[PDB]
Amino acid sequence: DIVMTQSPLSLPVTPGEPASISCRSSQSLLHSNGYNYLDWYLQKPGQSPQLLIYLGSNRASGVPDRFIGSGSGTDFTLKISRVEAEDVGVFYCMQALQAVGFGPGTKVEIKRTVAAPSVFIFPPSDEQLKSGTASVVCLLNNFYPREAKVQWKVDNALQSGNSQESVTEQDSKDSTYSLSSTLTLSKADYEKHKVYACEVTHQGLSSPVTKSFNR
Amino acid sequence: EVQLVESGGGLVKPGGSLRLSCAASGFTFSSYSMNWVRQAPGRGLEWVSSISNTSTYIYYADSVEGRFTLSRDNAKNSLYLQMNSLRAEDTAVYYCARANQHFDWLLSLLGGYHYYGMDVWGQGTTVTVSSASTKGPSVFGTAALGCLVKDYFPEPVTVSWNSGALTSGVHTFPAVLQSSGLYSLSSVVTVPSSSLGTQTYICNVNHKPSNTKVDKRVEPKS
Ligand SMILES: *[C@@H]1O[C@H](CO)[C@@H](O)[C@H](O)[C@H]1NC(C)=O
Ligand SMILES: [Zn+2]
């Protein structure tokens, strides 16, 4: 069987400025019939993918010249000259040789000037607590880049592995992210402590900050 | 419109069954191979089956062989992927796709490079494979708020704010799977202090596979 490989896994790039992706295969790709069996696809965010290249270097109908697409054999490339903000998504090379098999992906996103998050804790609320649970959310707004390190704390005491975190996709206009971090507790150990606080470390911070509440 | 529509989908328990149709209008079906393709939530694109216009050379992914059954009605412009016996990893979204051909010979005994070209795609249909079922309660310069939405199965929920009057500043998060196999998520909204008391907000939640939809007045401290 064949193993499709691409690099990088994420490529934050800047509109105007070009970008390249690599895709490679565990076997060479050409024949049946001369030339290569590799397409490339975008999946713009919240959408079905669409044809981008075909037989390795052919530009499917209604595709900007911004997209050259090259290589042969095992090594391949999707070089986009002058990205525009709408080219965001995942690029998937694909292999047409033995049946069909899809690149692992390369996620394209906009480069942006750092930017710190605002923070916000939320208390359980006596309705959840009536039903016997304690979720304590902690927001992070409109930060870049993605990488953030949110850290929960009960009575000065860290926690480990009781926290799950979601992240919205890049923001379409300001290019930020956001992030929930939820720490769940038994209402019994909720009611038993007073100091709830999350402690964010983003790169756009000269030292961490923490939101805090009591009850 | 040249368009392709998936159908079927829906949740059913493991070792379940489903027949995804996929209808086509706006071109000559018979001129193209067709292809199922899945995306597990979170994961990347994984080809499934292929088939030609002469309704021959059915390929399948190892992950899928012996359980899915690619059919075709060039005279009824449709595509049928019969799914049995469904397991958890089978949970995904399913696109049917246009694809060029380019054939044989030095493939197996006669094979087809089923779709190098792949230019048209339905919207997808979603197939959820797990147990059990049913809804999940909501409960909740700048200052924020939103609602939690929790203990629900299956996906999706549609979180809204005052039915749409808040498009601004709403960060509504991807759903994450709690261990228990029920999801939860939070829908937040960034707002200037000010609004509290005069501006009052309500999160229009709608989970269908449940027959539940609510919304709840957020109002800090009293
Ligand atoms: C099957 O496909 C090829 C081109 O894709 C075409 O030449 C052949 O006639 C097709 N069979 C049909 C349209 O029934
Ligand atoms: Zn925001």
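Same order as they appear, the protein sequences are chains L and H.
Here the first sequence stands for residues 1 to 27, 27A to 27E, 28 to 94, 96 to 211, numbered as in PDB author numbering.
Here the second sequence stands for residues 1 to 52, 52A, 53 to 82, 82A to 82C, 83 to 100, 100A to 100N, 101 to 122, 134 to 215, numbered as in PDB author numbering.
Every residue gets a Cβ at the ideal spot worked out from N, C-alpha and C, and that includes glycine.
Check: Bridge-paired residues (DSSP) for residue 290 of chain L; Outcome: Because chain L is modelled from 1 through 211, residue 290 of chain L falls outside the range shown and cannot be assessed.
Check: Among H:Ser-31, H:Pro-41, H:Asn-73 and H:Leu-80, the one whose alpha carbon lies nearest that of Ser-17 of chain H; Outcome: H:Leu-80
Check: Cβ-Cβ distance between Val-150 of chain L and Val-191 of chain L below 8 Å; Outcome: yes
Check: Short-range partners of chain L found in the region 101 to 117 of chain H, where Cβ spacing is below 9 Å; Outcome: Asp-101, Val-102, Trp-103, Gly-104, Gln-105 and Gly-106
Check: Cutoff 6 Å; reference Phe-27 of chain H; Cβ partners in own chain excluding five residues on either side; Outcome: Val-2
Check: Where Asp-101 of chain H falls, given that 16 or more other Cβ within 10 Å makes a residue buried; Outcome: buried
Check: Proximity test, Cβ basis, 8 Å: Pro-149 of chain H and chain L; Outcome: no
Check: Near ligand 2: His-164 of chain H beta-carbon under 7 Å from a heavy atom; Outcome: yes
Check: Distance cut-off 7 Å: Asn-52A of chain H Cβ against heavy atoms of ligand 1; Outcome: yes
Check: Rounded C-alpha distance that separates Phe-71 of chain L from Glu-143 of chain L; Outcome: 29 Å
Check: Own chain residues within Cβ distance below 8 Å of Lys-206 of chain H, not counting five before or after; Outcome: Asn-197, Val-198, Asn-199 and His-200
Check: Heavy atom of ligand 2 within 7 Å of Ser-174 of chain L beta-carbon; Outcome: yes
Check: Cβ contact check for the region 102 to 116 of chain L and the region 192 to 201 of chain L: 3 or more pairs under 8 Å; Outcome: yes
Check: Where the alpha helix (DSSP H) through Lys-169 of chain L begins and ends; Outcome: No alpha helix (DSSP H) holds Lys-169 of chain L; DSSP gives it neither H nor E.
Check: Touch test, the region 109 to 119 of chain H against the region 70 to 80 of chain H, Cβ-Cβ under 8 Å, three pairs minimum; Outcome: no
Check: Per-residue DSSP class, three states only, for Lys-183 of chain L; Outcome: helix
Check: Between the CA atoms of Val-150 of chain H and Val-181 of chain H - distance to the nearest angstrom; Outcome: 14 Å
Check: Where the beta strand (DSSP E) containing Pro-120 of chain L begins and where it ends; Outcome: Element bounds for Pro-120 of chain L: n/a, residue is neither H nor E.
Check: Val-104 of chain L and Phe-118 of chain L closer than 8 Å at C-beta; Outcome: no
Check: Beta strand (DSSP E) segment containing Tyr-36 of chain L, residue limits; Outcome: 33 to 38
Check: Cβ pair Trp-154 of chain H, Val-142 of chain H closer than 8 Å; Outcome: no
Check: Members of the region 10 to 22 of chain L near chain H, C-beta cut-off 9 Å; Outcome: none
Check: Contact set for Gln-27 of chain L: own chain, Cβ-Cβ below 6 Å, skip 5 residues either direction; Outcome: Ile-2
Check: Sheet register partners of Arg-38 of chain H (DSSP bridge); Outcome: H:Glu-46 and H:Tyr-90
Check: Three-state class that DSSP yields for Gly-134 of chain H in the structure shown; Outcome: coil
Check: beta-carbon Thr-183 of chain H near ligand 2 non-hydrogen atom, thresh 7 Å; Outcome: yes
Check: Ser-31 of chain H Cβ short of 7 Å to ligand 1 heavy atom set; Outcome: yes
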